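Student: Below you will find the structure I want to go over with you.
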4 protein chains.
Amino acid sequence: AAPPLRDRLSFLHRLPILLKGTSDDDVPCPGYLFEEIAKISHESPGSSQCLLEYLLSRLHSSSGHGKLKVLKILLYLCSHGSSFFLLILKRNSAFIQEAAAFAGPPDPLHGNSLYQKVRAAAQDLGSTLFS
Amino acid sequence: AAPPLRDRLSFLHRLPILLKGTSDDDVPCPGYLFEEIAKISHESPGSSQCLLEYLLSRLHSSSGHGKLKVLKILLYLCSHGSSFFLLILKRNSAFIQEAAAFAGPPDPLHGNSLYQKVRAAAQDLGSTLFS
Amino acid sequence: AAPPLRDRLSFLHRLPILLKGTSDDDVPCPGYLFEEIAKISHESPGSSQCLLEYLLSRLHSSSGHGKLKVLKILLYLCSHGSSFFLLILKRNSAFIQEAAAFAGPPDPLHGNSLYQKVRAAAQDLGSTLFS
Amino acid sequence: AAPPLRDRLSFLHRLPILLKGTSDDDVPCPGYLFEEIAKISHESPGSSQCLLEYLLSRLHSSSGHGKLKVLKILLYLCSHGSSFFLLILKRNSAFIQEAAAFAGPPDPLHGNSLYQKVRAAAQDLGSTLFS
């Protein structure tokens with residue numbers, strides 16, 4: 001049930017898209033990359049499996065900037081991703097309450113705004129995915 | 001046997017409670033949050049599963065300050081949490097000897113007091129949970 | 001199906017080879033160590049299992065310098081390693097898209113060149129292994 | 001087959017011994033603690049399971065100082081620990097080649113001596129355990 005190698009290779013060729021869309025920085029992700037990422041989820045079930053692995057990996061390893069981007073991407077996929085992608089997202093959704101607990105020391109310039117944005121995005125994702 | 005999504009969503013709505021109760025800082029957790037957390041454990045078995053995931057995640061990722069809070073919360077749940085919560089806590093109790101081994105460099109102001117507090121709380125939890 | 005202990009011990013005796021070949025530094029790996037590592041993969045199936053464990057561990061724990069070396073070694077093994085090694089590499093190939101996502105802050109002297117080299121090596125490995 | 005809770009509790013009461021024996025510092029472990037740790041392994045199979053969990057956790061989380069202590073303790077247990085402990089150690093022995101790969105930046109005062117000591121202890125453990 002794991003992705004066939006042909007799907008792993010197709011997905012590798014898509015990584016320029018995803019690298020820009022989830023870059024761990026304060027530059028908002030542009031709209032066209034949301035559209036491209038939803039298109040990736042529809043390529044095949046194996047493409048969707050690879051995409052979930054990738055997005056959850058980025059969510060774990062990124063600072064709040066990249067975490068926020070992943071959570072926004074997942075929220076968009078709730079409305080435009082494939083049915084199979086949303087199924088495996090629901091089956092692997094224990095991460096949402098962890099994203100909703102993201103916290104740390106406040107920034108002298110921005111306070112806790114970034115943490116609050118990440119937690120709010122996780123709450124919105126949970127409300128959408130779980131209702 | 002994993003939590004249904006309706007329980008994951010209910011639990012998300014409780015996270016303000018838990019975020020304050022386990023905040024990774026030197027401010028003691030107030031009594032009313034112990035009571036609220038025990039109430040969460042009684043909501044449903046799925047709520048208890050989510051709660052265990054959350055508390056063990058906080059125990060792993062926090063400094064000694066948050067570790068101590070989680071261990072005190074778990075000790076309180078030994079006397080006031082649901083039967084199902086204490087069952088799954090007992091089934092997942094290998095972490096206690098790890099908490100009881102918490103150590104690190106001494107603080108110039110407070111010495112090893114924080115490590116000693118964490119280890120003592122883990123020992124008390126083990127004595128309560130395992131007897 | 002895990003390696004017998006005799007194979008674990010033989011592999012330990014090979015670690016001087018692998019330690020030099022994957023050292024986490026900017027000194028390129030010399031050609032003779034590629035040859036020696038391919039020879040290790042042919043010693044036995046258990047030797048190949050140990051070798052995969054080792055290379056994937058180094059890939060995870062190293063800076064970009066050691067990551068690049070591991071990815072070059074794996075690419076060489078695609079052309080000269082044992083059939084069993086390439087089978088278990090294919091079965092454990094989810095790491096490739098993670099290596100192909102390697103990124104971080106740019107270097108004032110070298111920019112993003114190291115990240116780009118790692119990602120390019122991961123793409124080449126995927127193209128070779130998955131086609 | 002996991003340890004009963006009575007064994008988890010007995011083991012908690014032994015942690016003062018193990019905390020001193022594996023302390024992550026440059027003070028050699030005294031001989032009497034080797035003897036006490038071997039005695040712990042003989043208390044019961046569950047005590048041995050807890051002991052393995054503890055020692056492997058310390059091996060993973062410690063600097064080279066604590067890693068070296070754990071590897072010396074395990075070598076001693078090869079000659080004086082219980083039969084059950086050595087069985088489960090052999091079943092969980094993939095860590096040895098990872099310890100035998102321990103490396104890092106050299107120390108201006110001590111060079112690579114610590115890494116070399118850890119790797120040599122891992123090689124000795126493997127030679128003893130695997131032969």
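Following the order of the structure tokens, first chain is A, next is B, and so on, with residues numbered from 1 inside each chain and ligands from 1 in the order they appear.
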Name all residues at most 12 Å from segment 102-116 of chain D (count only C-alpha atoms; drop same-chain ones fewer than 2 positions away) and give them as a PDB file with N, CA and C atoms, in the first residue's frame.

Tutor:
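Written out: selection06.pdb:
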ATOM      1  N   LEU C  15      34.095  -0.685   9.873  1.00  0.00           N
ATOM      2  CA  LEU C  15      33.712   0.698  10.122  1.00  0.00           C
ATOM      3  C   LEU C  15      34.826   1.706   9.871  1.00  0.00           C
ATOM      4  N   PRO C  16      36.107   1.403  10.071  1.00  0.00           N
ATOM      5  CA  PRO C  16      37.135   2.367   9.648  1.00  0.00           C
ATOM      6  C   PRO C  16      36.940   2.842   8.214  1.00  0.00           C
ATOM      7  N   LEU C  18      34.073   2.948   6.463  1.00  0.00           N
ATOM      8  CA  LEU C  18      32.874   3.763   6.322  1.00  0.00           C
ATOM      9  C   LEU C  18      33.020   5.099   7.037  1.00  0.00           C
ATOM     10  N   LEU C  19      33.690   5.109   8.192  1.00  0.00           N
ATOM     11  CA  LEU C  19      33.895   6.362   8.909  1.00  0.00           C
ATOM     12  C   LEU C  19      34.649   7.367   8.056  1.00  0.00           C
ATOM     13  N   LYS C  20      35.687   6.917   7.359  1.00  0.00           N
ATOM     14  CA  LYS C  20      36.404   7.831   6.478  1.00  0.00           C
ATOM     15  C   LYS C  20      35.548   8.222   5.278  1.00  0.00           C
ATOM     16  N   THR C  22      32.319   8.544   4.932  1.00  0.00           N
ATOM     17  CA  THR C  22      31.168   9.393   5.207  1.00  0.00           C
ATOM     18  C   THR C  22      31.488  10.524   6.172  1.00  0.00           C
ATOM     19  N   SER C  23      32.766  10.792   6.436  1.00  0.00           N
ATOM     20  CA  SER C  23      33.121  11.802   7.424  1.00  0.00           C
ATOM     21  C   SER C  23      32.414  13.116   7.120  1.00  0.00           C
ATOM     22  N   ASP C  24      31.869  13.736   8.168  1.00  0.00           N
ATOM     23  CA  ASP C  24      31.013  14.912   8.018  1.00  0.00           C
ATOM     24  C   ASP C  24      31.891  16.160   7.903  1.00  0.00           C
ATOM     25  N   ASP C  25      32.519  16.301   6.734  1.00  0.00           N
ATOM     26  CA  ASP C  25      33.419  17.414   6.461  1.00  0.00           C
ATOM     27  C   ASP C  25      33.456  17.668   4.958  1.00  0.00           C
ATOM     28  N   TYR C  54      23.626   1.923   8.470  1.00  0.00           N
ATOM     29  CA  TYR C  54      24.694   2.882   8.719  1.00  0.00           C
ATOM     30  C   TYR C  54      24.549   4.104   7.825  1.00  0.00           C
ATOM     31  N   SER C  57      21.563   6.237   8.748  1.00  0.00           N
ATOM     32  CA  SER C  57      21.832   6.955   9.991  1.00  0.00           C
ATOM     33  C   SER C  57      22.713   8.177   9.733  1.00  0.00           C
ATOM     34  N   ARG C  58      23.792   7.998   8.964  1.00  0.00           N
ATOM     35  CA  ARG C  58      24.676   9.116   8.637  1.00  0.00           C
ATOM     36  C   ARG C  58      23.934  10.198   7.865  1.00  0.00           C
ATOM     37  N   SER C  61      21.896  12.214  10.508  1.00  0.00           N
ATOM     38  CA  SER C  61      22.605  12.948  11.551  1.00  0.00           C
ATOM     39  C   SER C  61      23.652  13.928  11.029  1.00  0.00           C
ATOM     40  N   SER C  62      24.052  13.847   9.766  1.00  0.00           N
ATOM     41  CA  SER C  62      25.150  14.681   9.293  1.00  0.00           C
ATOM     42  C   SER C  62      24.666  16.053   8.840  1.00  0.00           C
ATOM     43  N   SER C  63      25.592  17.012   8.854  1.00  0.00           N
ATOM     44  CA  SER C  63      25.404  18.250   8.110  1.00  0.00           C
ATOM     45  C   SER C  63      25.349  17.942   6.616  1.00  0.00           C
ATOM     46  N   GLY C  66      28.275  15.627   5.063  1.00  0.00           N
ATOM     47  CA  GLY C  66      28.122  14.188   5.151  1.00  0.00           C
ATOM     48  C   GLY C  66      26.915  13.667   4.400  1.00  0.00           C
TER      49      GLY C  66
ATOM     50  N   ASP D  25      29.400  12.914  32.674  1.00  0.00           N
ATOM     51  CA  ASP D  25      30.533  13.742  33.068  1.00  0.00           C
ATOM     52  C   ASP D  25      31.812  12.919  32.960  1.00  0.00           C
ATOM     53  N   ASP D  26      32.949  13.574  33.209  1.00  0.00           N
ATOM     54  CA  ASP D  26      34.260  12.966  33.011  1.00  0.00           C
ATOM     55  C   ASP D  26      34.783  12.246  34.249  1.00  0.00           C
ATOM     56  N   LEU D  59      22.626   6.031  26.454  1.00  0.00           N
ATOM     57  CA  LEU D  59      23.582   5.983  25.357  1.00  0.00           C
ATOM     58  C   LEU D  59      23.196   6.973  24.268  1.00  0.00           C
ATOM     59  N   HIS D  60      21.899   7.096  23.995  1.00  0.00           N
ATOM     60  CA  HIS D  60      21.446   7.979  22.928  1.00  0.00           C
ATOM     61  C   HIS D  60      21.537   9.450  23.330  1.00  0.00           C
ATOM     62  N   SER D  62      23.295  10.990  25.897  1.00  0.00           N
ATOM     63  CA  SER D  62      24.461  11.543  26.575  1.00  0.00           C
ATOM     64  C   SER D  62      25.500  12.059  25.587  1.00  0.00           C
ATOM     65  N   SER D  63      26.334  12.980  26.073  1.00  0.00           N
ATOM     66  CA  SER D  63      27.589  13.287  25.401  1.00  0.00           C
ATOM     67  C   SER D  63      28.493  12.056  25.425  1.00  0.00           C
ATOM     68  N   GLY D  64      29.665  12.183  24.810  1.00  0.00           N
ATOM     69  CA  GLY D  64      30.604  11.070  24.793  1.00  0.00           C
ATOM     70  C   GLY D  64      30.959  10.553  26.174  1.00  0.00           C
ATOM     71  N   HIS D  65      30.921  11.421  27.189  1.00  0.00           N
ATOM     72  CA  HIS D  65      31.301  10.996  28.531  1.00  0.00           C
ATOM     73  C   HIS D  65      30.349   9.925  29.046  1.00  0.00           C
ATOM     74  N   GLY D  66      29.044  10.194  28.968  1.00  0.00           N
ATOM     75  CA  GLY D  66      28.056   9.217  29.384  1.00  0.00           C
ATOM     76  C   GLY D  66      27.959   8.030  28.449  1.00  0.00           C
ATOM     77  N   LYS D  67      28.166   8.250  27.146  1.00  0.00           N
ATOM     78  CA  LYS D  67      28.192   7.127  26.212  1.00  0.00           C
ATOM     79  C   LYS D  67      29.282   6.137  26.601  1.00  0.00           C
ATOM     80  N   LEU D  68      30.477   6.645  26.900  1.00  0.00           N
ATOM     81  CA  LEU D  68      31.578   5.767  27.282  1.00  0.00           C
ATOM     82  C   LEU D  68      31.226   4.963  28.527  1.00  0.00           C
ATOM     83  N   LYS D  69      30.614   5.611  29.519  1.00  0.00           N
ATOM     84  CA  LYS D  69      30.226   4.898  30.732  1.00  0.00           C
ATOM     85  C   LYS D  69      29.237   3.783  30.431  1.00  0.00           C
ATOM     86  N   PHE D  95      22.446  -0.877  17.948  1.00  0.00           N
ATOM     87  CA  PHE D  95      23.041   0.380  18.383  1.00  0.00           C
ATOM     88  C   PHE D  95      24.560   0.330  18.397  1.00  0.00           C
ATOM     89  N   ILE D  96      25.154  -0.864  18.418  1.00  0.00           N
ATOM     90  CA  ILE D  96      26.591  -0.947  18.627  1.00  0.00           C
ATOM     91  C   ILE D  96      27.338  -0.304  17.470  1.00  0.00           C
ATOM     92  N   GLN D  97      26.923  -0.576  16.229  1.00  0.00           N
ATOM     93  CA  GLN D  97      27.630   0.033  15.114  1.00  0.00           C
ATOM     94  C   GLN D  97      27.406   1.536  15.069  1.00  0.00           C
ATOM     95  N   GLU D  98      26.329   2.032  15.678  1.00  0.00           N
ATOM     96  CA  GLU D  98      26.144   3.475  15.768  1.00  0.00           C
ATOM     97  C   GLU D  98      27.080   4.081  16.803  1.00  0.00           C
ATOM     98  N   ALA D  99      27.213   3.434  17.960  1.00  0.00           N
ATOM     99  CA  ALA D  99      28.191   3.887  18.942  1.00  0.00           C
ATOM    100  C   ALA D  99      29.597   3.828  18.369  1.00  0.00           C
ATOM    101  N   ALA D 100      29.879   2.805  17.564  1.00  0.00           N
ATOM    102  CA  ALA D 100      31.183   2.657  16.944  1.00  0.00           C
ATOM    103  C   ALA D 100      31.427   3.671  15.838  1.00  0.00           C
ATOM    104  N   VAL D 118      35.131   6.142  22.906  1.00  0.00           N
ATOM    105  CA  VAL D 118      33.778   5.620  22.724  1.00  0.00           C
ATOM    106  C   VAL D 118      33.770   4.550  21.642  1.00  0.00           C
ATOM    107  N   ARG D 119      34.378   4.846  20.490  1.00  0.00           N
ATOM    108  CA  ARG D 119      34.375   3.873  19.402  1.00  0.00           C
ATOM    109  C   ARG D 119      35.097   2.592  19.805  1.00  0.00           C
ATOM    110  N   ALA D 120      36.228   2.720  20.502  1.00  0.00           N
ATOM    111  CA  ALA D 120      36.950   1.532  20.948  1.00  0.00           C
ATOM    112  C   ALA D 120      36.116   0.707  21.920  1.00  0.00           C
ATOM    113  N   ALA D 121      35.391   1.369  22.828  1.00  0.00           N
ATOM    114  CA  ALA D 121      34.525   0.636  23.750  1.00  0.00           C
ATOM    115  C   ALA D 121      33.400  -0.064  23.002  1.00  0.00           C
ATOM    116  N   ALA D 122      32.851   0.577  21.969  1.00  0.00           N
ATOM    117  CA  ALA D 122      31.813  -0.078  21.181  1.00  0.00           C
ATOM    118  C   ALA D 122      32.369  -1.283  20.434  1.00  0.00           C
ATOM    119  N   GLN D 123      33.581  -1.160  19.895  1.00  0.00           N
ATOM    120  CA  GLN D 123      34.207  -2.292  19.218  1.00  0.00           C
ATOM    121  C   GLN D 123      34.450  -3.442  20.187  1.00  0.00           C
TER     122      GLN D 123
END

Student: Skipping near chain neighbours, those fewer than 3 positions away, what residues fall within 12 Å of residue 14 of chain C using only C-alpha atoms, listed as a tab-separated table (two decimals) with N, CA, C and O atoms, in the first residue's frame?

Tutor:
chain	number	residue	atom	x	y	z
C	7	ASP	N	27.32	-11.33	11.27
C	7	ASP	CA	27.38	-10.27	10.26
C	7	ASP	C	27.52	-8.90	10.91
C	7	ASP	O	28.21	-8.03	10.38
C	8	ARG	N	26.86	-8.69	12.05
C	8	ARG	CA	27.06	-7.44	12.78
C	8	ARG	C	28.53	-7.27	13.16
C	8	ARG	O	29.06	-6.15	13.10
C	9	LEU	N	29.20	-8.35	13.54
C	9	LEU	CA	30.59	-8.26	13.97
C	9	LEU	C	31.52	-8.00	12.79
C	9	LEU	O	32.42	-7.16	12.86
C	10	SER	N	31.33	-8.74	11.69
C	10	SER	CA	32.10	-8.47	10.48
C	10	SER	C	31.96	-7.01	10.08
C	10	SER	O	32.94	-6.35	9.73
C	11	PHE	N	30.74	-6.48	10.15
C	11	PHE	CA	30.51	-5.11	9.74
C	11	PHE	C	31.23	-4.13	10.65
C	11	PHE	O	31.79	-3.13	10.18
C	17	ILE	N	36.61	1.92	7.30
C	17	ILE	CA	36.34	2.28	5.91
C	17	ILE	C	35.20	3.28	5.84
C	17	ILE	O	35.32	4.34	5.21
C	18	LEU	N	34.07	2.95	6.46
C	18	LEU	CA	32.87	3.76	6.32
C	18	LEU	C	33.02	5.10	7.04
C	18	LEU	O	32.52	6.12	6.56
C	19	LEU	N	33.69	5.11	8.19
C	19	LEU	CA	33.89	6.36	8.91
C	19	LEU	C	34.65	7.37	8.06
C	19	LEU	O	34.29	8.55	8.01
C	20	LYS	N	35.69	6.92	7.36
C	20	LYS	CA	36.40	7.83	6.48
C	20	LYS	C	35.55	8.22	5.28
C	20	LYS	O	35.55	9.38	4.86
C	21	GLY	N	34.80	7.27	4.72
C	21	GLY	CA	34.03	7.54	3.52
C	21	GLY	C	32.89	8.51	3.73
C	21	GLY	O	32.50	9.23	2.80
C	33	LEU	N	37.46	4.41	-1.59
C	33	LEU	CA	36.48	4.09	-0.56
C	33	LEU	C	35.12	3.77	-1.15
C	33	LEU	O	34.39	2.94	-0.60
C	36	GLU	N	35.60	0.17	-1.90
C	36	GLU	CA	35.56	-0.63	-0.68
C	36	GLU	C	34.14	-0.76	-0.15
C	36	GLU	O	33.75	-1.82	0.36
C	37	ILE	N	33.34	0.31	-0.24
C	37	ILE	CA	31.98	0.26	0.28
C	37	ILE	C	31.12	-0.67	-0.58
C	37	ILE	O	30.33	-1.46	-0.06
C	38	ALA	N	31.28	-0.61	-1.91
C	38	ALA	CA	30.58	-1.57	-2.76
C	38	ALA	C	31.00	-3.00	-2.42
C	38	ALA	O	30.16	-3.91	-2.40
C	39	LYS	N	32.29	-3.23	-2.15
C	39	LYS	CA	32.73	-4.56	-1.75
C	39	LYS	C	32.03	-5.01	-0.47
C	39	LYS	O	31.64	-6.17	-0.34
C	40	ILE	N	31.86	-4.10	0.49
C	40	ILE	CA	31.15	-4.45	1.72
C	40	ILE	C	29.74	-4.92	1.41
C	40	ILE	O	29.24	-5.88	2.01
C	41	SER	N	29.05	-4.24	0.48
C	41	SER	CA	27.68	-4.62	0.18
C	41	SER	C	27.60	-6.04	-0.36
C	41	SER	O	26.59	-6.72	-0.19
C	43	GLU	N	29.52	-8.59	0.61
C	43	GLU	CA	30.03	-9.61	1.54
C	43	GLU	C	28.95	-10.62	1.87
C	43	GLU	O	29.21	-11.83	1.89
C	47	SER	N	25.55	-8.12	5.81
C	47	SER	CA	26.45	-6.98	5.66
C	47	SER	C	25.74	-5.83	4.96
C	47	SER	O	25.92	-4.66	5.34
C	48	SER	N	24.94	-6.13	3.93
C	48	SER	CA	24.20	-5.09	3.22
C	48	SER	C	23.15	-4.43	4.11
C	48	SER	O	22.94	-3.22	4.03
C	50	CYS	N	23.32	-4.12	7.42
C	50	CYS	CA	24.08	-3.25	8.31
C	50	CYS	C	24.52	-1.99	7.58
C	50	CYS	O	24.47	-0.88	8.14
C	51	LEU	N	24.97	-2.14	6.34
C	51	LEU	CA	25.43	-1.00	5.57
C	51	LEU	C	24.31	0.00	5.33
C	51	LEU	O	24.52	1.22	5.41
C	54	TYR	N	23.63	1.92	8.47
C	54	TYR	CA	24.69	2.88	8.72
C	54	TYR	C	24.55	4.10	7.82
C	54	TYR	O	24.61	5.24	8.30
D	97	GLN	N	26.92	-0.58	16.23
D	97	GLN	CA	27.63	0.03	15.11
D	97	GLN	C	27.41	1.54	15.07
D	97	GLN	O	28.23	2.25	14.50
D	100	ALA	N	29.88	2.80	17.56
D	100	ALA	CA	31.18	2.66	16.94
D	100	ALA	C	31.43	3.67	15.84
D	100	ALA	O	32.53	3.69	15.28
D	101	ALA	N	30.44	4.50	15.51
D	101	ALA	CA	30.60	5.56	14.52
D	101	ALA	C	30.63	6.95	15.15
D	101	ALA	O	30.65	7.95	14.42
D	123	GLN	N	33.58	-1.16	19.89
D	123	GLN	CA	34.21	-2.29	19.22
D	123	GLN	C	34.45	-3.44	20.19
D	123	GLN	O	34.20	-4.61	19.86

Student: So what do you get for atom CA of residue 87 of chain C versus atom CA of residue 85 of chain A, distance-wise?

Tutor: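 It comes out at 27.9 Å.
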
Student: Would you compute the distance between atom CA of residue 82 of chain A and atom CA of residue 131 of chain A? Give it in Å to one decimal.

Tutor: 17.5 Å

Student: Report, in Å to a single decimal, how far apart atom CA of residue 81 of chain B and atom CA of residue 124 of chain A are.

Tutor: 28.9 Å

Student: I need the alpha helix (DSSP H) residues of segment 72-111 of chain B per DSSP on the backbone, written as a PDB file with N, CA and C atoms, in the first residue's frame.

Tutor:
ATOM      1  N   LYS B  72       3.174  16.637  37.857  1.00  0.00           N
ATOM      2  CA  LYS B  72       2.216  16.959  38.910  1.00  0.00           C
ATOM      3  C   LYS B  72       0.786  16.730  38.443  1.00  0.00           C
ATOM      4  N   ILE B  73       0.494  17.084  37.190  1.00  0.00           N
ATOM      5  CA  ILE B  73      -0.832  16.855  36.626  1.00  0.00           C
ATOM      6  C   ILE B  73      -1.147  15.367  36.601  1.00  0.00           C
ATOM      7  N   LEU B  74      -0.190  14.552  36.151  1.00  0.00           N
ATOM      8  CA  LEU B  74      -0.417  13.112  36.101  1.00  0.00           C
ATOM      9  C   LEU B  74      -0.648  12.547  37.493  1.00  0.00           C
ATOM     10  N   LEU B  75       0.104  13.027  38.486  1.00  0.00           N
ATOM     11  CA  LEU B  75      -0.118  12.575  39.854  1.00  0.00           C
ATOM     12  C   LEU B  75      -1.535  12.910  40.319  1.00  0.00           C
ATOM     13  N   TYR B  76      -2.021  14.108  39.986  1.00  0.00           N
ATOM     14  CA  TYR B  76      -3.385  14.491  40.352  1.00  0.00           C
ATOM     15  C   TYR B  76      -4.402  13.588  39.671  1.00  0.00           C
ATOM     16  N   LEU B  77      -4.174  13.277  38.393  1.00  0.00           N
ATOM     17  CA  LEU B  77      -5.069  12.390  37.664  1.00  0.00           C
ATOM     18  C   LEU B  77      -5.089  10.980  38.240  1.00  0.00           C
ATOM     19  N   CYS B  78      -4.027  10.559  38.941  1.00  0.00           N
ATOM     20  CA  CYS B  78      -4.062   9.269  39.627  1.00  0.00           C
ATOM     21  C   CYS B  78      -5.145   9.223  40.698  1.00  0.00           C
ATOM     22  N   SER B  79      -5.531  10.374  41.243  1.00  0.00           N
ATOM     23  CA  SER B  79      -6.549  10.422  42.285  1.00  0.00           C
ATOM     24  C   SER B  79      -7.906  10.905  41.790  1.00  0.00           C
ATOM     25  N   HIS B  80      -7.974  11.519  40.609  1.00  0.00           N
ATOM     26  CA  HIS B  80      -9.217  12.132  40.156  1.00  0.00           C
ATOM     27  C   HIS B  80      -9.513  11.942  38.679  1.00  0.00           C
ATOM     28  N   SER B  83     -11.089   6.144  34.974  1.00  0.00           N
ATOM     29  CA  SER B  83     -10.504   4.807  35.005  1.00  0.00           C
ATOM     30  C   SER B  83      -9.812   4.483  33.688  1.00  0.00           C
ATOM     31  N   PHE B  84     -10.429   4.853  32.563  1.00  0.00           N
ATOM     32  CA  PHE B  84      -9.801   4.588  31.273  1.00  0.00           C
ATOM     33  C   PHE B  84      -8.482   5.335  31.137  1.00  0.00           C
ATOM     34  N   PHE B  85      -8.433   6.595  31.566  1.00  0.00           N
ATOM     35  CA  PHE B  85      -7.177   7.329  31.476  1.00  0.00           C
ATOM     36  C   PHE B  85      -6.074   6.627  32.253  1.00  0.00           C
ATOM     37  N   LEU B  86      -6.374   6.169  33.465  1.00  0.00           N
ATOM     38  CA  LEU B  86      -5.331   5.545  34.265  1.00  0.00           C
ATOM     39  C   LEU B  86      -4.914   4.205  33.676  1.00  0.00           C
ATOM     40  N   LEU B  87      -5.835   3.503  33.016  1.00  0.00           N
ATOM     41  CA  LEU B  87      -5.464   2.281  32.310  1.00  0.00           C
ATOM     42  C   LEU B  87      -4.457   2.567  31.198  1.00  0.00           C
ATOM     43  N   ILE B  88      -4.737   3.555  30.349  1.00  0.00           N
ATOM     44  CA  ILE B  88      -3.821   3.771  29.235  1.00  0.00           C
ATOM     45  C   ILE B  88      -2.533   4.418  29.723  1.00  0.00           C
ATOM     46  N   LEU B  89      -2.590   5.165  30.829  1.00  0.00           N
ATOM     47  CA  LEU B  89      -1.360   5.665  31.438  1.00  0.00           C
ATOM     48  C   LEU B  89      -0.485   4.514  31.921  1.00  0.00           C
ATOM     49  N   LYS B  90      -1.091   3.520  32.576  1.00  0.00           N
ATOM     50  CA  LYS B  90      -0.329   2.364  33.039  1.00  0.00           C
ATOM     51  C   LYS B  90       0.256   1.595  31.866  1.00  0.00           C
ATOM     52  N   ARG B  91      -0.503   1.466  30.776  1.00  0.00           N
ATOM     53  CA  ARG B  91       0.009   0.772  29.601  1.00  0.00           C
ATOM     54  C   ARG B  91       1.142   1.532  28.923  1.00  0.00           C
ATOM     55  N   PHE B  95       7.787   5.866  30.323  1.00  0.00           N
ATOM     56  CA  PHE B  95       8.399   7.186  30.401  1.00  0.00           C
ATOM     57  C   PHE B  95       8.782   7.567  31.822  1.00  0.00           C
ATOM     58  N   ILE B  96       8.202   6.913  32.831  1.00  0.00           N
ATOM     59  CA  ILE B  96       8.397   7.381  34.194  1.00  0.00           C
ATOM     60  C   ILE B  96       9.856   7.248  34.601  1.00  0.00           C
ATOM     61  N   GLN B  97      10.493   6.117  34.287  1.00  0.00           N
ATOM     62  CA  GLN B  97      11.888   5.979  34.672  1.00  0.00           C
ATOM     63  C   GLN B  97      12.777   6.929  33.884  1.00  0.00           C
ATOM     64  N   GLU B  98      12.329   7.393  32.718  1.00  0.00           N
ATOM     65  CA  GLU B  98      13.093   8.402  31.995  1.00  0.00           C
ATOM     66  C   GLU B  98      12.957   9.765  32.656  1.00  0.00           C
ATOM     67  N   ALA B  99      11.741  10.130  33.062  1.00  0.00           N
ATOM     68  CA  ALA B  99      11.563  11.363  33.819  1.00  0.00           C
ATOM     69  C   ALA B  99      12.343  11.312  35.122  1.00  0.00           C
TER      70      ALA B  99
END

Student: Go through B:45, B:117, B:27, B:94 and flag the residue nearest chain D, using only C-alpha atoms for the distances.

Tutor: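 The shortest atom-to-atom distance to chain D comes from B:94.
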
Student: Which one is closest to residue 4 of chain B: B:34, B:129, B:44, B:71? Count only C-alpha atoms.

Tutor: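 Counting only C-alpha atoms, the residue closest to residue 4 of chain B is B:44.
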